[PDB]
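These are the residues of each chain, in order.
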Amino acid sequence: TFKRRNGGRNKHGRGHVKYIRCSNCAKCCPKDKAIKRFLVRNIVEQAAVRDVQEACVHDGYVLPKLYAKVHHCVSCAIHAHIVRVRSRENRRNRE
Amino acid sequence: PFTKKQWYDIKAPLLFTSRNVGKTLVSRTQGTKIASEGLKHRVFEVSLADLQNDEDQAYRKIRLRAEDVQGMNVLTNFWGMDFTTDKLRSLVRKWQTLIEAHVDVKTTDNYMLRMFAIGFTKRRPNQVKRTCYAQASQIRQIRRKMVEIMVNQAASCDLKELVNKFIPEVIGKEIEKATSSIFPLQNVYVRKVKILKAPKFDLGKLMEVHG
Amino acid sequence: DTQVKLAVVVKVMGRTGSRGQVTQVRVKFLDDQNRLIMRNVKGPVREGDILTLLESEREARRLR
Amino acid sequence: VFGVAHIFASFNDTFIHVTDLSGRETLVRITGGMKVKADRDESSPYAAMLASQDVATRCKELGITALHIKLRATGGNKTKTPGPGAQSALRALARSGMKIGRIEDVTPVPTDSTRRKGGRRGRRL
Amino acid sequence: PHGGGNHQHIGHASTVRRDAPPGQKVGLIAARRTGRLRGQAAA
Amino acid sequence: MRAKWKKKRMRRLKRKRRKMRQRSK
RNA sequence: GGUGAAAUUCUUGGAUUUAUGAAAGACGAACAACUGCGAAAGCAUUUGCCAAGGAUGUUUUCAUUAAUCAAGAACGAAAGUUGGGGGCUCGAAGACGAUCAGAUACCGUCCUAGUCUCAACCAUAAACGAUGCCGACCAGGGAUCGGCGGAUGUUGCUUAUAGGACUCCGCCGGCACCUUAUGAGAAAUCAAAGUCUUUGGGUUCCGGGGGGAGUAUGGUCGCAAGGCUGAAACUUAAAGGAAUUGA
RNA sequence: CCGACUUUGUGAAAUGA
Ligand SMILES: [Mg+2]
Ligand SMILES: [Mg+2]
Ligand SMILES: [Mg+2]
Ligand SMILES: [Mg+2]
Ligand SMILES: [Mg+2]
Ligand SMILES: [Mg+2]
Ligand SMILES: [Mg+2]
Ligand SMILES: [Mg+2]
Ligand SMILES: [Mg+2]
Ligand SMILES: [Mg+2]
Ligand SMILES: [Mg+2]
Ligand SMILES: [Mg+2]
Ligand SMILES: [Mg+2]
Ligand SMILES: [Mg+2]
Ligand SMILES: [Mg+2]
Ligand SMILES: [Zn+2]
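Quick look at the sheet that holds strand β4 (residues 50–53) of chain C now. In a beta sheet, neighbouring strands pair by backbone hydrogen bonds and run either parallel or antiparallel. Residues and elements named next belong to chain C. If you walk across this open sheet you meet the four strands as β3-β2-β1-β4, and the pairing is antiparallel. Looking at which strands have only one partner, the edges of the open sheet turn out to be β3 (36–42) and β4. If you compare each strand with its neighbour and ignore which way they point, the axes differ by 50° on average. Sheet topology places strand β1 (residues 5–16) next to β4; four bridges connect them, and they run antiparallel. By the bridge assignment for β4, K5 is matched with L53.

Okay, the environment of B:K205 next. If you trace the backbone, B:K205 turns up in helix α6 (residues 203–209). Counting along the chain gives 190 residues from B:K205 to B:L15, while the straight-line C-alpha distance between them is 14 Å.

Taken together, 82 residues are adjacent to RNA strand G, and A:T1, A:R5, D:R72, D:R124 and F:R18 come closest. For RNA strand G, the backbone portion of the atoms within 4 Å of the protein, that is sugar and phosphate, comes to 76%. With respect to RNA strand G, the side chain of A:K11 contributes an N or O atom lying 2.8 Å from a phosphate oxygen. Separating a base oxygen of RNA strand G from a backbone N or O atom of D:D39 is a distance of 2.8 Å.

Moving on, we come to the pairing of strand β1 (residues 5–10) of chain B. All names here are of chain B. Taking every second residue as pointing to the same face, the buried face of β1 carries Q6, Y8 and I10, while none of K5, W7 and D9 on the other face is buried. Bridge analysis of β1 against strand β2 (residues 22–27) gives six bridges, and the strand direction is antiparallel. The residue of β2 that forms the bridge with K5 is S27.

Once that is clear, we can look at empty space enclosed by the protein. All names here are of chain B. One pass over the full model with this rule turns up seven cavities of 30 Å³ or more. There is about 130 Å³ of room inside the largest cavity. With three residues, helix α1 (residues 35–39) is the single largest residue contributor to the lining of the largest cavity. Taken together, the residues of the lining of the largest cavity break down into eight nonpolar, three polar and three charged.

Moving on to unusual backbone geometry. For residues besides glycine, phi is generally negative; the peptide bonds are generally trans as well. Residues and elements named next belong to chain C. A positive phi is found at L63, a non-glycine position, where the angle reads about 60°. Its place among the elements puts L63 in the segment after β4. For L63, a relative accessible area of 73% puts it in the exposed group.

Our next topic: the pattern of salt bridges. If you walk through the whole model with that rule in mind, you get 19 salt bridges over all chains. The closest approach of N and O atoms between D:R102 and B:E55, which form a salt bridge, is 3.8 Å. Taken together, the residues span two chains, with D:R102 in the segment after β5 (99–100) and B:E55 in the loop between β3 (43–47) and β4 (61–65). Accessibility expressed as a relative area gives 8% for D:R102, which makes it buried. The class for B:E55 is partly exposed, based on a relative accessible area of 38%.

Turning our eyes to something else, we now look at helix α4 (residues 159–166) of chain B. All names here are of chain B. The buried fraction of α4 is high, at six of eight residues. When we look at burial in α4, the residues that qualify are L159, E161, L162, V163, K165 and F166. Its buried side turned inward, α4 meets β5 (77–82), β6 (98–107), β7 (111–120), α3 (138–153), α5 (170–176) and β8 (186–197).

Attention shifts here to the packing of aromatic side chains. Two descriptors summarise a pair of aromatic rings, namely the distance from one centre to the other and the angle between the planes of the rings. Residue and element names in this part refer to chain B. By the definition in use, this model includes five aromatic pairs over all chains. Plain terms: the ring middles of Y59 and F83 are 5.5 Å apart, the flat faces sit at 80° to each other, and that makes the pair edge-to-face. With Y59 in the loop between β3 and β4 and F83 in the loop between β5 and α2 (85–91), this pair connects stretches of sequence that are 24 residues apart. Accessibility classification places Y59 together with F83 in one group, the buried group. Ring geometry for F78 and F166: centres 6.4 Å apart, planes at 35°, overall tilted. Placement of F78 in strand β5 and of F166 in helix α4 is noted, with a sequence separation of 88 residues between them.

How each quantity is defined
- Residues numbered from 1 in each chain as written, not as in the entry; some residues may be left out.
- Chains lettered and ligands numbered in written order.
- Part of a larger assembly, values for the part shown.
- Heavy atoms only, no water.
- Pairing = 2+ DSSP bridges.
- Helix = DSSP H or I, 4+ residues; strand = E, 2+ residues; numbered from the N terminus.
- Axes fitted to C-alpha atoms, helices over the stretch in contact; angles between N-to-C directions.
- Near = heavy atom within 4 Å.
- Polar contact = N/O pair within 3.5 Å; in protein donor to acceptor, adjacent residues only side chain to side chain.
- Buried < 20%, exposed > 50% of the residue type's maximum accessible area, 1.4 Å probe, protein only.
- 1 Å grid on protein atoms, 1.4 Å probe; cavity = no way out; pocket = protein on both sides within 12 Å on 5 of 7 lines; lining within 4 Å.
- Points joined across faces, edges and corners; volume = space filled by probe spheres on them.
- Nonpolar A, V, L, I, M, F, W, Y, C, P; charged D, E, K, R; others polar.
- Salt bridge = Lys/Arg side-chain N within 4 Å of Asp/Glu carboxyl O.
- Contact = heavy atoms within 4.5 Å.
- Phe/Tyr/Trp six-rings, centres within 6.5 Å; stacked < 30°, edge-to-face > 60°.

Geometric values such as these leave the question of function open.
In structure tokens, the structure reads:
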């Protein structure tokens with residue numbers, strides 16, 4: 001019983017994909033099988049933006065954003081609810 | 001415990017807009033642990049935004065060396081530059097390409113250093129192609145062009161004027177108007193200047209760049 | 001010397017807790033009426049209650 | 001007058017380090033664990049609150065009034081996300097009365113790192 | 001110093017001190033360690 | 001991995017049979 | 001430091017933390033894709049040299065020189081074996097700390113061979129598209145990679161055009177992808193797994209219930225682990241595939 | 001192996017008196 005056309009990963013034209021480390025557990029999963037999100041998160045949340053912009057020394061300053069690109073494996077993704085088991089039909093769309 | 005530490009006045013060379021970058025502190029001069037030459041090489045990391053009182057340049061962290069101290073006032077000469085971490089990550093996104101280069105340059109006062117330059121390709125407006133990639137040969141042509149341009153830009157009289165070029169992004173705005181015939185190259189910069197081997201002391205030479 | 005501050009429960013954001021025991025609310029400071037800080041309260045609370053708040057810094061976060 | 005607040009805010013602890021503009025001298029250094037009894041509450045956000053207010057008091061005891069934050073995760077080949085204490089300590093160090101100079105995330109990201117701990121199949125707990 | 005015995009054996013520690021008088025300093029002189037060299041110590 | 005470790009059992013028992021045969025050689 | 005929590009551990013011989021410099025050796029983030037190259041294995045920093053290669057273009061040449069292939073031959077990940085070099089990180093073995101009824105494991109600390117380079121072997125992987133290779137026809141579409149041809153309309157380029165970047169159209173050749181049966185099939189599913197009881201284009205390898213068993217033996221390659229070739233007795237009525245309802 | 005005295009002169013700073 002085959003569950004996915006691409007196998008769960010998107011490798012076509014290759015035979016080998018260099019692997020990466022899960023950010024949670026450090027399981028080794030190939031780069032193009034790993035649930036990759038690029039999250040860009042403010043240093044603070046919106047209860048802590050004015051209390052730092054009324055304490056920034058120089059007026060007109062803008063907060064940075066944590067740009068980082070986290071990698072996860074399938075186990076840590078399912079466990080963290082980054083992704084969910086979708087129905088047989090709904091499983092097929094990519095948006 | 002902190003009653004034996006006295007502050008000093010950190011001030012930057014005269015090629016900068018504003019000076020008096022900050023205050024540091026040393027243990028007062030004993031013998032053997034004399035304070036003056038005891039440290040001698042504090043490397044400070046002052047952003048170019050509050051050395052030129054601007055905010056378009058909240059990137060470009062300029063890194064300064066202390067090279068000699070003068071009576072409760074420590075002199076300083078330029079040492080390097082780099083992006084603040086946050087800038088460069090915001091510069092790199094999917095569906096484009098990143099181009100980088102590096103080159104040793106030796107300037108007229110015998111200063112060896114390294115230039116790391118970076119660029120990214122544009123989307124020309126009306127583009128419906130979802131990506132803007134080069135073809136890995138245009139990449140190498142423009143990397144060669146970047147190295148050639150930067151060598152020709154540099155090899156000039158000193159770091160004095162060489163930072164008079166670093167400040168207004170001379171290398172940047174003069175890269176594309178030489179290499180856009182191959183790609184647009186938006187957000188060309190010089191991500192880093194790493195001073196490799198500082199030559200000597202030259203009391204006399206410090207004191208015109210810094211006053 | 002932390003002096004207790006009073007705040008008014010402007011709107012109840014939810015009823016959190018593992019067992020469903022803690023209300024999770026927004027308190028608006030009476031003393032300086034621009035400080036909206038979000039806290040966990042125990043027991044029945046409805047809108048507008050003046051609330052005795054020993055420590056100010058400790059706040060909840062959405063679905064704490 | 002400025003300092004540099006090397007906030008090493010990882011999991012498992014949060015370290016607040018205040019140094020002069022050149023990094024060669026520690027003005028004051030309180031951890032989240034110095035202020036709690038529990039080896040598990042040494043990483044709670046509250047530890048960062050009181051450990052930050054203690055730094056603020058010691059800095060006003062001494063002369064600096066504004067402070068360049070340098071937020072930092074563990075870095076290296078570990079998580080790049082600053083731990084629970086980062087935002088909390090920043091809130092405390094802002095609201096306790098002090099001025100914050102320029103915010104920046106300086107957590108070491110390698111160009112590419114050595115083997116990371118755990119083995120192939122990772123921490124399977 | 002290793003001599004003799006109804007079996008062949010050294011009979012005492014084969015690592016001798018640096019100052020041991022000539023004629024006693026036979027064996028492994030002033031050895032910091034012994035056994036097969038593994039790991040960093042084999043650098 | 002029942003099949004794998006079965007394979008490994010037979011592998012061990014087969015080195016053991018070769019060990020016995022070079023005795024009886 | 002570490003975890004849900006702890007300790008072994010390091011620590012007033014100043015650990016962790018901060019900055020500066022050095023050294024060593026590994027890895028080449030982000031850009032990085034339903035993307036490229038390769039016979040498969042596999043291949044990501046720069047520049048140079050070396051030789052090779054598909055595709056495209058061609059009013060060049062030769063003219064059947066071709067397809068697939070028992071014997072035979074090359075390459076063949078990781079692990080492994082022998083011997084120099086290196087000894088960063090990680091780490092089978094091993095030792096400890098916890099957990100537990102026990103815990104030879106999961107968790108954590110130290111750590112050997114190993115991980116990297118070279119010389120020499122080994123010859124297997126879920127070596128996967130679980131789909132041999134060559135060829136023909138059959139359905140639709142937009143993407144995208146490479147080359148090429150045709151179109152104006154602008155460039156932060158260009159002594160002006162050309163070119164290069166972008167847009168439109170079309171041919172090949174790739175990896176794919178999306179809808180649909182008029183098809184197939186045990187079905188999942190497949191536009192190639194289709195053009196099969198209305199059965200034949202060519203070619204190689206291979207299976208005949210489940211075990212026993214990839215085992216015994218014999219041979220043969222290998223230093224060794226191993227590899228290649230490989231039964232029978234006897235046992236058994238099911239083993240298995242796809243999908244459906246439930247639990 | 002180690003300390004002191006000795007061959008063993010010249011002058012400079014830092015801590016102790
Ligand atoms: Mg291919
Ligand atoms: Mg493979
Ligand atoms: Mg004897
Ligand atoms: Mg005995
Ligand atoms: Mg220290
Ligand atoms: Mg490519
Ligand atoms: Mg790279
Ligand atoms: Mg096989
Ligand atoms: Mg097979
Ligand atoms: Mg095959
Ligand atoms: Mg095309
Ligand atoms: Mg095409
Ligand atoms: Mg059979
Ligand atoms: Mg099966
Ligand atoms: Mg079934
Ligand atoms: Zn994981």
